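Okay, model01.txt now, which holds compact mmCIF, N, CA and C atoms:
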```txt
# COMPACT_ATOMS: atom_id res chain seq x y z
N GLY Q 1 5.86 -14.16 19.43
CA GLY Q 1 4.88 -13.04 19.28
C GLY Q 1 3.61 -13.28 20.07
N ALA Q 2 3.42 -12.51 21.14
CA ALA Q 2 2.24 -12.64 21.98
C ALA Q 2 1.64 -11.28 22.30
N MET Q 3 0.86 -10.74 21.37
CA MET Q 3 0.22 -9.44 21.56
C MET Q 3 -1.01 -9.58 22.45
N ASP Q 4 -1.70 -8.46 22.68
CA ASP Q 4 -2.89 -8.47 23.52
C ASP Q 4 -3.93 -7.46 23.04
N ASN Q 5 -4.00 -7.27 21.72
CA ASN Q 5 -4.97 -6.34 21.15
C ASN Q 5 -6.38 -6.92 21.22
N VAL Q 6 -6.58 -8.06 20.57
CA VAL Q 6 -7.88 -8.72 20.58
C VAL Q 6 -7.76 -10.17 21.03
N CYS Q 7 -8.89 -10.87 21.07
CA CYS Q 7 -8.91 -12.27 21.49
C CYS Q 7 -8.28 -13.17 20.43
N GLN Q 8 -9.05 -13.55 19.42
CA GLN Q 8 -8.56 -14.41 18.35
C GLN Q 8 -9.05 -13.93 16.99
N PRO Q 9 -8.30 -14.25 15.92
CA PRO Q 9 -8.65 -13.84 14.56
C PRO Q 9 -9.55 -14.82 13.82
N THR Q 10 -9.56 -14.67 12.50
CA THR Q 10 -10.35 -15.50 11.60
C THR Q 10 -10.28 -14.89 10.20
N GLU Q 11 -10.44 -13.57 10.17
CA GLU Q 11 -10.37 -12.78 8.95
C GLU Q 11 -10.32 -11.31 9.33
N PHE Q 12 -9.46 -10.57 8.66
CA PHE Q 12 -9.35 -9.15 8.95
C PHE Q 12 -9.58 -8.34 7.69
N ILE Q 13 -10.48 -7.37 7.81
CA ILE Q 13 -10.84 -6.53 6.69
C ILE Q 13 -9.83 -5.42 6.47
N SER Q 14 -9.04 -5.55 5.42
CA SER Q 14 -8.06 -4.54 5.08
C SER Q 14 -8.36 -3.99 3.71
N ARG Q 15 -8.48 -2.68 3.64
CA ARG Q 15 -8.73 -2.00 2.39
C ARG Q 15 -7.41 -1.57 1.80
N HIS Q 16 -7.38 -1.31 0.51
CA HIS Q 16 -6.15 -0.91 -0.13
C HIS Q 16 -6.39 -0.46 -1.56
N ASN Q 17 -5.34 0.01 -2.22
CA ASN Q 17 -5.44 0.42 -3.60
C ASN Q 17 -5.20 -0.78 -4.50
N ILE Q 18 -5.32 -0.61 -5.81
CA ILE Q 18 -5.11 -1.72 -6.72
C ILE Q 18 -3.77 -2.41 -6.45
N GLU Q 19 -2.76 -1.60 -6.13
CA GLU Q 19 -1.42 -2.12 -5.84
C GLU Q 19 -1.49 -3.09 -4.68
N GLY Q 20 -2.39 -2.80 -3.77
CA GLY Q 20 -2.55 -3.61 -2.59
C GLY Q 20 -2.20 -2.83 -1.34
N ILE Q 21 -1.65 -1.63 -1.53
CA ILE Q 21 -1.28 -0.77 -0.43
C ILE Q 21 -2.48 -0.53 0.48
N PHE Q 22 -2.37 -1.01 1.69
CA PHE Q 22 -3.44 -0.92 2.66
C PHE Q 22 -3.86 0.51 2.98
N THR Q 23 -5.05 0.87 2.54
CA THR Q 23 -5.61 2.18 2.82
C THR Q 23 -6.38 2.09 4.13
N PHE Q 24 -6.46 0.86 4.64
CA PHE Q 24 -7.14 0.55 5.90
C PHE Q 24 -6.88 -0.90 6.28
N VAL Q 25 -6.80 -1.16 7.58
CA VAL Q 25 -6.59 -2.51 8.08
C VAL Q 25 -7.36 -2.69 9.37
N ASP Q 26 -8.19 -3.71 9.40
CA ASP Q 26 -8.99 -4.02 10.57
C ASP Q 26 -8.10 -4.59 11.68
N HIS Q 27 -8.30 -4.08 12.90
CA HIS Q 27 -7.49 -4.47 14.07
C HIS Q 27 -7.35 -5.98 14.28
N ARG Q 28 -8.14 -6.79 13.59
CA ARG Q 28 -8.01 -8.24 13.74
C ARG Q 28 -6.68 -8.71 13.17
N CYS Q 29 -6.16 -7.92 12.24
CA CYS Q 29 -4.91 -8.21 11.56
C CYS Q 29 -3.77 -8.54 12.52
N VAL Q 30 -3.80 -8.03 13.74
CA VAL Q 30 -2.72 -8.32 14.68
C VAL Q 30 -2.87 -9.74 15.24
N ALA Q 31 -4.10 -10.20 15.39
CA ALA Q 31 -4.35 -11.55 15.87
C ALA Q 31 -4.19 -12.53 14.73
N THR Q 32 -4.44 -12.03 13.52
CA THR Q 32 -4.38 -12.82 12.31
C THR Q 32 -2.97 -12.96 11.76
N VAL Q 33 -2.35 -11.83 11.45
CA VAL Q 33 -1.00 -11.83 10.90
C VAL Q 33 -0.01 -11.15 11.84
N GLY Q 34 -0.45 -10.91 13.07
CA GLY Q 34 0.43 -10.29 14.06
C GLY Q 34 0.66 -8.81 13.82
N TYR Q 35 0.60 -8.41 12.56
CA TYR Q 35 0.82 -7.03 12.18
C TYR Q 35 -0.35 -6.14 12.55
N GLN Q 36 -0.09 -5.15 13.39
CA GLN Q 36 -1.12 -4.21 13.79
C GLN Q 36 -1.68 -3.54 12.54
N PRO Q 37 -2.90 -2.98 12.59
CA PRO Q 37 -3.47 -2.32 11.43
C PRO Q 37 -2.50 -1.32 10.82
N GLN Q 38 -1.78 -0.61 11.68
CA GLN Q 38 -0.80 0.36 11.21
C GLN Q 38 0.42 -0.36 10.65
N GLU Q 39 0.66 -1.56 11.17
CA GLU Q 39 1.77 -2.39 10.74
C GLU Q 39 1.51 -2.90 9.32
N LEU Q 40 0.30 -2.65 8.84
CA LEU Q 40 -0.10 -3.07 7.50
C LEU Q 40 -0.43 -1.86 6.64
N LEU Q 41 -1.05 -0.86 7.26
CA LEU Q 41 -1.44 0.36 6.58
C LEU Q 41 -0.27 0.99 5.83
N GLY Q 42 -0.51 1.32 4.57
CA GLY Q 42 0.51 1.92 3.75
C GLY Q 42 1.44 0.89 3.14
N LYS Q 43 1.22 -0.37 3.49
CA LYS Q 43 2.03 -1.46 2.98
C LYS Q 43 1.30 -2.23 1.91
N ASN Q 44 2.04 -2.67 0.92
CA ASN Q 44 1.47 -3.46 -0.16
C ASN Q 44 1.13 -4.84 0.38
N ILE Q 45 -0.16 -5.15 0.38
CA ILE Q 45 -0.64 -6.43 0.87
C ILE Q 45 0.15 -7.59 0.28
N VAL Q 46 0.45 -7.51 -1.01
CA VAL Q 46 1.19 -8.57 -1.68
C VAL Q 46 2.64 -8.62 -1.22
N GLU Q 47 3.19 -7.48 -0.79
CA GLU Q 47 4.56 -7.45 -0.30
C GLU Q 47 4.74 -8.52 0.77
N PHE Q 48 3.66 -8.81 1.48
CA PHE Q 48 3.67 -9.84 2.51
C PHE Q 48 3.35 -11.17 1.87
N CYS Q 49 2.47 -11.10 0.88
CA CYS Q 49 2.06 -12.28 0.12
C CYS Q 49 3.27 -12.97 -0.49
N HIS Q 50 3.21 -14.30 -0.58
CA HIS Q 50 4.29 -15.06 -1.18
C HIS Q 50 4.47 -14.59 -2.62
N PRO Q 51 5.72 -14.34 -3.06
CA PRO Q 51 6.00 -13.86 -4.42
C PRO Q 51 5.22 -14.59 -5.51
N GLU Q 52 5.40 -15.90 -5.59
CA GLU Q 52 4.73 -16.70 -6.61
C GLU Q 52 3.21 -16.58 -6.51
N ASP Q 53 2.72 -16.07 -5.38
CA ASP Q 53 1.29 -15.91 -5.17
C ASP Q 53 0.83 -14.46 -5.32
N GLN Q 54 1.77 -13.51 -5.28
CA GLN Q 54 1.41 -12.11 -5.40
C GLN Q 54 0.72 -11.85 -6.73
N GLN Q 55 1.11 -12.59 -7.76
CA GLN Q 55 0.52 -12.44 -9.08
C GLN Q 55 -0.96 -12.78 -9.04
N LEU Q 56 -1.32 -13.71 -8.17
CA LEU Q 56 -2.69 -14.14 -8.00
C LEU Q 56 -3.45 -13.14 -7.15
N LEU Q 57 -2.77 -12.61 -6.15
CA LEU Q 57 -3.36 -11.63 -5.26
C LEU Q 57 -3.71 -10.37 -6.05
N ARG Q 58 -2.70 -9.80 -6.69
CA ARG Q 58 -2.88 -8.62 -7.51
C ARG Q 58 -3.94 -8.87 -8.57
N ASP Q 59 -3.93 -10.09 -9.12
CA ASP Q 59 -4.90 -10.47 -10.14
C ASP Q 59 -6.30 -10.23 -9.63
N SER Q 60 -6.56 -10.71 -8.42
CA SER Q 60 -7.86 -10.52 -7.81
C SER Q 60 -8.23 -9.05 -7.83
N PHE Q 61 -7.36 -8.21 -7.27
CA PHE Q 61 -7.59 -6.78 -7.22
C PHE Q 61 -7.84 -6.22 -8.62
N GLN Q 62 -7.17 -6.79 -9.61
CA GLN Q 62 -7.33 -6.34 -10.98
C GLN Q 62 -8.72 -6.67 -11.48
N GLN Q 63 -9.27 -7.76 -10.97
CA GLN Q 63 -10.59 -8.20 -11.37
C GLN Q 63 -11.70 -7.43 -10.65
N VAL Q 64 -11.54 -7.20 -9.35
CA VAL Q 64 -12.54 -6.46 -8.57
C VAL Q 64 -12.64 -5.03 -9.06
N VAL Q 65 -11.49 -4.49 -9.44
CA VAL Q 65 -11.41 -3.12 -9.90
C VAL Q 65 -11.91 -3.00 -11.34
N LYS Q 66 -11.70 -4.06 -12.11
CA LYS Q 66 -12.15 -4.10 -13.50
C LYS Q 66 -13.66 -4.19 -13.55
N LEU Q 67 -14.20 -5.04 -12.70
CA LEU Q 67 -15.63 -5.28 -12.61
C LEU Q 67 -16.26 -4.34 -11.59
N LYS Q 68 -15.42 -3.48 -11.04
CA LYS Q 68 -15.82 -2.48 -10.04
C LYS Q 68 -16.95 -2.96 -9.14
N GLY Q 69 -16.57 -3.66 -8.09
CA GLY Q 69 -17.54 -4.16 -7.13
C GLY Q 69 -17.51 -5.67 -7.00
N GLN Q 70 -17.35 -6.35 -8.13
CA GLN Q 70 -17.30 -7.81 -8.14
C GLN Q 70 -16.23 -8.30 -7.17
N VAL Q 71 -16.60 -9.23 -6.30
CA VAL Q 71 -15.67 -9.76 -5.32
C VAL Q 71 -14.80 -10.87 -5.91
N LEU Q 72 -13.57 -10.93 -5.42
CA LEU Q 72 -12.59 -11.90 -5.85
C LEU Q 72 -12.16 -12.78 -4.68
N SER Q 73 -11.78 -14.01 -4.98
CA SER Q 73 -11.34 -14.94 -3.95
C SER Q 73 -10.04 -15.60 -4.36
N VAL Q 74 -8.99 -15.31 -3.62
CA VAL Q 74 -7.68 -15.88 -3.91
C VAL Q 74 -6.95 -16.29 -2.64
N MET Q 75 -6.33 -17.47 -2.66
CA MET Q 75 -5.59 -17.93 -1.51
C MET Q 75 -4.12 -17.65 -1.69
N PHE Q 76 -3.53 -17.01 -0.71
CA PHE Q 76 -2.11 -16.69 -0.77
C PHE Q 76 -1.44 -16.88 0.58
N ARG Q 77 -0.11 -16.88 0.57
CA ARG Q 77 0.67 -17.05 1.79
C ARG Q 77 1.10 -15.70 2.35
N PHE Q 78 0.46 -15.28 3.44
CA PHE Q 78 0.76 -14.00 4.08
C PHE Q 78 1.87 -14.15 5.12
N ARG Q 79 3.07 -13.67 4.80
CA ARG Q 79 4.16 -13.72 5.77
C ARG Q 79 3.78 -12.80 6.91
N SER Q 80 3.33 -13.39 8.00
CA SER Q 80 2.89 -12.62 9.14
C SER Q 80 4.04 -12.21 10.05
N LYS Q 81 3.67 -11.58 11.17
CA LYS Q 81 4.62 -11.11 12.15
C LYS Q 81 5.46 -12.27 12.69
N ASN Q 82 4.92 -13.48 12.58
CA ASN Q 82 5.62 -14.67 13.05
C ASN Q 82 6.62 -15.15 12.00
N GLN Q 83 6.67 -14.43 10.88
CA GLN Q 83 7.58 -14.76 9.79
C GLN Q 83 7.25 -16.13 9.21
N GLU Q 84 5.96 -16.43 9.13
CA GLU Q 84 5.49 -17.70 8.60
C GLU Q 84 4.46 -17.48 7.50
N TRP Q 85 4.50 -18.34 6.48
CA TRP Q 85 3.56 -18.23 5.37
C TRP Q 85 2.15 -18.58 5.81
N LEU Q 86 1.41 -17.56 6.25
CA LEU Q 86 0.04 -17.73 6.72
C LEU Q 86 -0.94 -17.79 5.55
N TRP Q 87 -1.37 -19.00 5.20
CA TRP Q 87 -2.31 -19.15 4.10
C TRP Q 87 -3.61 -18.44 4.43
N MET Q 88 -4.04 -17.60 3.51
CA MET Q 88 -5.26 -16.82 3.68
C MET Q 88 -6.07 -16.79 2.41
N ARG Q 89 -7.33 -16.43 2.56
CA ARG Q 89 -8.24 -16.29 1.45
C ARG Q 89 -8.72 -14.85 1.39
N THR Q 90 -8.50 -14.19 0.26
CA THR Q 90 -8.89 -12.79 0.15
C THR Q 90 -10.25 -12.60 -0.49
N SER Q 91 -11.00 -11.67 0.08
CA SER Q 91 -12.32 -11.29 -0.41
C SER Q 91 -12.22 -9.85 -0.92
N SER Q 92 -11.54 -9.69 -2.05
CA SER Q 92 -11.29 -8.38 -2.64
C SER Q 92 -12.45 -7.87 -3.49
N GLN Q 93 -12.92 -6.69 -3.14
CA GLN Q 93 -14.01 -6.04 -3.87
C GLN Q 93 -13.97 -4.55 -3.58
N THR Q 94 -14.19 -3.74 -4.61
CA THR Q 94 -14.15 -2.29 -4.46
C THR Q 94 -14.81 -1.85 -3.16
N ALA Q 95 -14.02 -1.17 -2.33
CA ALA Q 95 -14.48 -0.70 -1.04
C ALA Q 95 -15.77 0.11 -1.13
N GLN Q 96 -16.31 0.44 0.03
CA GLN Q 96 -17.55 1.20 0.12
C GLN Q 96 -17.35 2.67 -0.16
N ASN Q 97 -16.94 3.40 0.86
CA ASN Q 97 -16.73 4.84 0.74
C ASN Q 97 -15.99 5.37 1.97
N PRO Q 98 -15.14 6.40 1.81
CA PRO Q 98 -14.88 7.06 0.53
C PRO Q 98 -13.85 6.31 -0.30
N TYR Q 99 -13.46 5.15 0.19
CA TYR Q 99 -12.47 4.32 -0.47
C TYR Q 99 -13.12 3.48 -1.57
N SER Q 100 -14.18 4.01 -2.17
CA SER Q 100 -14.88 3.30 -3.23
C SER Q 100 -13.93 2.93 -4.37
N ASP Q 101 -13.04 3.85 -4.71
CA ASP Q 101 -12.08 3.62 -5.78
C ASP Q 101 -11.01 2.62 -5.33
N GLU Q 102 -11.08 2.22 -4.06
CA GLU Q 102 -10.13 1.28 -3.51
C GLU Q 102 -10.62 -0.15 -3.66
N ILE Q 103 -10.12 -1.02 -2.79
CA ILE Q 103 -10.48 -2.43 -2.82
C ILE Q 103 -10.48 -3.03 -1.42
N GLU Q 104 -11.67 -3.31 -0.92
CA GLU Q 104 -11.84 -3.93 0.38
C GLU Q 104 -11.51 -5.41 0.29
N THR Q 105 -10.38 -5.79 0.86
CA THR Q 105 -9.94 -7.18 0.82
C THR Q 105 -9.96 -7.81 2.20
N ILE Q 106 -10.86 -8.77 2.39
CA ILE Q 106 -10.98 -9.47 3.67
C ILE Q 106 -10.08 -10.69 3.69
N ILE Q 107 -8.94 -10.57 4.34
CA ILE Q 107 -7.99 -11.66 4.44
C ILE Q 107 -8.39 -12.62 5.56
N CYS Q 108 -8.85 -13.81 5.19
CA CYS Q 108 -9.29 -14.81 6.16
C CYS Q 108 -8.28 -15.95 6.30
N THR Q 109 -7.94 -16.27 7.55
CA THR Q 109 -7.01 -17.35 7.84
C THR Q 109 -7.59 -18.69 7.41
N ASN Q 110 -6.76 -19.54 6.80
CA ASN Q 110 -7.21 -20.85 6.35
C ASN Q 110 -6.83 -21.93 7.37
N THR Q 111 -6.66 -23.16 6.89
CA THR Q 111 -6.30 -24.29 7.75
C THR Q 111 -7.26 -24.43 8.93
N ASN Q 112 -6.92 -25.32 9.86
CA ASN Q 112 -7.76 -25.56 11.03
C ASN Q 112 -7.75 -24.36 11.96
N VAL Q 113 -8.94 -23.96 12.41
CA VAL Q 113 -9.07 -22.82 13.32
C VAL Q 113 -10.25 -23.00 14.26
N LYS Q 114 -9.95 -23.27 15.53
CA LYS Q 114 -10.99 -23.47 16.54
C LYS Q 114 -10.71 -22.61 17.77
N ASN Q 115 -9.66 -22.97 18.51
CA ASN Q 115 -9.29 -22.23 19.71
C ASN Q 115 -7.85 -21.74 19.63
N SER Q 116 -7.35 -21.59 18.41
CA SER Q 116 -5.98 -21.13 18.19
C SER Q 116 -5.97 -19.67 17.75
N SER Q 117 -5.10 -18.88 18.37
CA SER Q 117 -4.99 -17.46 18.05
C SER Q 117 -4.15 -17.25 16.79
N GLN Q 118 -3.74 -18.35 16.17
CA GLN Q 118 -2.93 -18.29 14.96
C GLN Q 118 -3.54 -19.13 13.85
N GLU Q 119 -3.91 -18.48 12.75
CA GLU Q 119 -4.51 -19.16 11.61
C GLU Q 119 -5.81 -19.86 12.02
```

Could you take the file, read its structure, and then write that structure out as structure tokens?
Amino acid sequence: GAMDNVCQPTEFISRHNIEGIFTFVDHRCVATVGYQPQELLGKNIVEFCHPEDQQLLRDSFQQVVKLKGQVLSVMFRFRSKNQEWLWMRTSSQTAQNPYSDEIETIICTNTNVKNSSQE
């Protein structure tokens, strides 16, 4: 997988509903998880998330939505376009507008990241 949308990732801001269905995905997502924003949009964020970790992912969304605004931080394995468990940290918090009723989740790549276009 060698796209040419952006330079390198770090974290991509993807909005979604409580379910995790991406109501928005920042174009960094292609450099981050290979999946273009549209390749994520309408998709359940956790569907990519490792099963055993989806419970934690959804949990976060359940907390941000419960506390309406309060940000959540959860690390999960995002099966990216490379078909690899991309460990990420989510910054889930009720989106701004008009997706206020949604949840702005900033998926940031973990592990070592300096001059690598992956993670």

| said: Please report the interatomic distance between atom CA of residue Q:99 and atom CA of residue Q:22 in Å with one decimal. | reply: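 According to the coordinates, atom CA of residue Q:99 and atom CA of residue Q:22 are separated by 10.9 Å.
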
| task | For residue Q:79, list every protein, DNA or RNA residue within 5 Å, evaluated using all atoms listed in the file, and leave out those in the same chain fewer than 4 positions away; present the list as an MDAnalysis selection string. | result | chainID Q and resid 48:49 84:86

| said: Need the shell around residue Q:34: protein/DNA/RNA residues with any atom at most 7 Å away, counting only C-alpha atoms. Skip same-chain ones fewer than 3 positions apart. Format as a PyMOL selection string? | reply: chain Q and resi 29-31+80-82

Output of the above residues as a tab-separated table (two decimals), keeping the file's coordinate frame, restricted to N, CA and C atoms:
```tsv
chain	number	residue	atom	x	y	z
Q	29	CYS	N	-6.16	-7.92	12.24
Q	29	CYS	CA	-4.91	-8.21	11.56
Q	29	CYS	C	-3.77	-8.54	12.52
Q	30	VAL	N	-3.80	-8.03	13.74
Q	30	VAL	CA	-2.72	-8.32	14.68
Q	30	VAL	C	-2.87	-9.74	15.24
Q	31	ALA	N	-4.10	-10.20	15.39
Q	31	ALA	CA	-4.35	-11.55	15.87
Q	31	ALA	C	-4.19	-12.53	14.73
Q	80	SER	N	3.33	-13.39	8.00
Q	80	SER	CA	2.89	-12.62	9.14
Q	80	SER	C	4.04	-12.21	10.05
Q	81	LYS	N	3.67	-11.58	11.17
Q	81	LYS	CA	4.62	-11.11	12.15
Q	81	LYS	C	5.46	-12.27	12.69
Q	82	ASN	N	4.92	-13.48	12.58
Q	82	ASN	CA	5.62	-14.67	13.05
Q	82	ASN	C	6.62	-15.15	12.00
```

| query | What's the 6.5 Å shell around stretch 61-77 of chain Q, counting only N, CA and C atoms, without same-chain residues fewer than 4 positions away, as a ChimeraX atom specification? | reply | /Q:18,48-50,53,56-57,84-94

| message | My list of candidates is Q:41, Q:46, Q:2, Q:33. Which is closest to residue Q:19 when distances are computed with all atoms listed in the file? | response |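 Answer, going by the shortest atom-to-atom distance: Q:46.
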
| task | Write out as a ChimeraX atom specification all residues of stretch 52-84 of chain Q that DSSP puts in strand (DSSP E or B) for this structure's backbone. | result | /Q:72-79

| field | Distance query residue Q:32 at most 6.5 Å, all atoms listed in the file, self and fewer than 3 positions along chain excluded, as a PyMOL selection string | value | chain Q and resi 8-11+28-29+35+80+117-119

| request: Figure out the distance between atom C of residue Q:36 and atom N of residue Q:55, please, to one decimal in Å. | output: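 Value for the atom N of residue Q:55-atom C of residue Q:36 distance: 22.4 Å.
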
| request: Rounded to one decimal place, report the atom N of residue Q:54-atom N of residue Q:116 distance in Å. | output: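 These atoms are spaced 26.6 Å apart.
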
Run DSSP on the backbone of this structure and report the residues of stretch 5-36 of chain Q it assigns to alpha helix (DSSP H), as a JSON list (two decimals) with N, CA and C atoms, in the frame of the given file.
```
[["chain", "number", "residue", "atom", "x", "y", "z"],
["Q", 29, "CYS", "N", -6.16, -7.92, 12.24],
["Q", 29, "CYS", "CA", -4.91, -8.21, 11.56],
["Q", 29, "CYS", "C", -3.77, -8.54, 12.52],
["Q", 30, "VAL", "N", -3.80, -8.03, 13.74],
["Q", 30, "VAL", "CA", -2.72, -8.32, 14.68],
["Q", 30, "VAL", "C", -2.87, -9.74, 15.24],
["Q", 31, "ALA", "N", -4.10, -10.20, 15.39],
["Q", 31, "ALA", "CA", -4.35, -11.55, 15.87],
["Q", 31, "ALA", "C", -4.19, -12.53, 14.73],
["Q", 32, "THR", "N", -4.44, -12.03, 13.52],
["Q", 32, "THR", "CA", -4.38, -12.82, 12.31],
["Q", 32, "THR", "C", -2.97, -12.96, 11.76]]
```

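Comparing Q:78, Q:3, Q:25, Q:38 by their smallest distance to residue Q:109, the closest is Q:78 (using only C-alpha atoms).
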
| Quick one: of Q:115, Q:110, Q:60, Q:105, who's nearest to residue Q:16, counting only N, CA and C atoms? | Q:105

| note | Using all atoms listed in the file, the best pick from Q:4, Q:59, Q:47, Q:101 as closest to residue Q:21 would be Q:47
